[PDB]
């Protein structure tokens, strides 16, 4: 702990800039602002999510509005440097991965275990709560998960790994199931790696972008890729079922949040199929209602995660998923605008951009 704490900010005007941030260095060196059960973590690595890019470029997601200077990022791991005297769970020096989510333990979504839906949740990347794109953060120990000697880029990947896992779990994917992934951005790709490790088969992944498809095929040889053309939902699903052999997918994990892609997924899945939407987009979309109806197709949606962390860790420690392999670009904190620019331009060839504090 020697450097001044800076952070990566955006505003309603859609600027992105670095600036000084809390806690202050001095604060952390003497453990001033450190509350009950809290620690200070030196953030070593942080992935840029579609989340962040959308907040930067647009200022909102749904009810989530950037109303003033706001620090981004929520996919992070780092080193514990200060510890409140109460903190039993964790010690100075520990590599940890940060679950960007603080829970009240008292509302219904908390007590029934669906704690991503907590009624008083602080979700770190989400306005007004400051993100993790800073050099130091104060965070409750119970949300800093020990990772032993795991690399920091892996530890940071634990968060979108968790998005994939929570999706998978609520989607109900099982060994033998034919699974469709729509979108080969970071989340699609991790979700595909996940389906594959889960024994899904056959596996198909779609995208508008050939390059991201060739990447998907390199990191998961057994998948069948499908480049999407301008077609009605109905017609797109035929193509898709062709890519599967002639088998209709049991589950579509939708990772674009885009109208046409969700429609084709509704047309593509089997009778009693599940279309699970991880992606995020417009406030309102047009849905093919009657196709969903006559097919008993379940439409499901994800809002972050819960109870994925110990399991995400296990998958990485046992080599069941290979995450680090998805980070194409690495930028130091100070160069964050370079990071966001490349993370937003697909011509870049970027998949997962990491911002680091070594």
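Residue numbers count along the first chain shown, from 1.
A.B. asks: On mean C-alpha B-factor from the PDB entry, just flag whether 87-95 or 245-253 is the higher one.
C.D. replies: On average, C-alpha B-factors are higher across 87-95.
A.B. asks: Averaging C-alpha B-factors over each stretch, which comes out higher, 321-329 or 29-37?
C.D. replies: According to the entry, 29-37 carries the higher average C-alpha B-factor.
A.B. asks: Sorting by Cα B-factor within the chain, modelled residues only, which third would residue 67 end up in: lowest, middle or highest?
C.D. replies: Its C-alpha B-factor, which the entry lists for residue 67, ranks in the highest third among residues of this chain.
A.B. asks: By its CA B factor, does residue 227 count among the lowest, middle or highest third of the modelled residues in the chain?
C.D. replies: Its C-alpha B-factor, which the entry lists for residue 227, ranks in the highest third among residues of this chain.
A.B. asks: Against its chain's modelled residues, does residue 51's Cα B factor rank lowest, middle or highest third?
C.D. replies: Middle third, going by the recorded CA B-factors of the chain.
A.B. asks: Would you mind ranking residue 295 by its C-alpha B-factor against the rest of the chain and naming the third, lowest, middle or highest?
C.D. replies: For residue 295, whose C-alpha B-factor we compare with every modelled residue in the chain, the answer is the lowest third.
A.B. asks: Classify residue 105 as lowest, middle or highest third according to the C-alpha B-factor given in the PDB entry, relative to its own chain.
C.D. replies: For residue 105, whose C-alpha B-factor we compare with every modelled residue in the chain, the answer is the highest third.
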